[PDB]
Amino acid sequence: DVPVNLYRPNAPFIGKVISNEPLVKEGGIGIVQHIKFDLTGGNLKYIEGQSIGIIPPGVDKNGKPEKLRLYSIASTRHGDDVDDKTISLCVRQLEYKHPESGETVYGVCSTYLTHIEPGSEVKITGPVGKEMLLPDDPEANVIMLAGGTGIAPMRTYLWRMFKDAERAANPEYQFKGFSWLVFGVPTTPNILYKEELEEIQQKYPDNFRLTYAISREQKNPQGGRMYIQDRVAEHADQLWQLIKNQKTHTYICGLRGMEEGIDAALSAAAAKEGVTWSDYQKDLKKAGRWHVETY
């Protein structure tokens, strides 16, 4: 009942791009695109929290074909239109530095994807992944800690939980727990899906809390730029108290190295009560309540 590997690299599914919209607004840093693909004509099914592969055209520096890159699925199982025939991605263009062989380098698969046109064919493998799945328990608490494109699986949980079209589509799942997104981005215009997050938070004030950490607009108490771990420390006592509930799941997604400041904060909260966080967290992993995907 979790689909995995319905399509593999040796024989991928050829989808078509339907749309490709920018998510970063003017004044923001970088390019992050929301890309939607047509799934009709194949049998790709998937659920929230999974990833798929894209195989980009071309050869590397050695004249070897390009490998697949993985992307968290950014839509619910139904697609953004709730019709069960599309899938979406949230793709940032990776680019870096002049001291990297002289001048600025562009990522292969993410440049390809963030400049791809509607009507183009794309090779898609997957779905893969069973570590970031959402429990079918309507009464769960769900803590989400996202940075940048790590909003993507979170968007599939929240959309499942709170979009009226989704609730109409999923009678078994009517969500009534509490969920809290701490979202880290560099500027207000880099808040991916801002308008839709904030609409959810005003239809459902008792069920959803939305905390930002915006590093170029906010300072932490030491005087640094505000980072998601700064906010997690700000609330580490509340977050630890929520985690003690047998129903609470915690999801962590974003770039590598973001985990260690989340543990430092929760260790100091757990310790007040003679709990050793890293022992507690091992048991949470074992029990399926601790979900991490950084990259």
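In case it trips you up, residue 1 is the first one in the sequence shown, and so on.
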Inset, instruction - Quick one: say whether 31-39 or 224-232 has the higher mean Cα B-factor in the deposited entry. - result: 224-232
Inset, instruction - Would you mind comparing 199-207 and 81-89 for me and telling me which has the higher average C-alpha temperature factor in the entry? - result: 199-207
Inset, instruction - Sort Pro99, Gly184, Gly177, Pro189 by C-alpha B-factor from the entry and give me just the highest. - result: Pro99
Legend entry - Residue with highest C-alpha B-factor in the PDB entry, from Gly49, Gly257, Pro56, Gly53: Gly257
Legend entry - Position of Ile18 among the chain's modelled residues by C-alpha B-factor, lowest, middle or highest third: lowest
Legend entry - Third of chain Cα B-factors occupied by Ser267: highest
Inset, instruction - Classify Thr250 as lowest, middle or highest third according to the C-alpha B-factor given in the PDB entry, relative to its own chain. - result: lowest
Inset, instruction - Report the third (lowest, middle or highest) to which the CA temperature factor of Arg155 belongs, ranking only the modelled residues of the same chain. - result: lowest
Legend entry - Among modelled residues of the same chain, the CA temperature factor third for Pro118: lowest
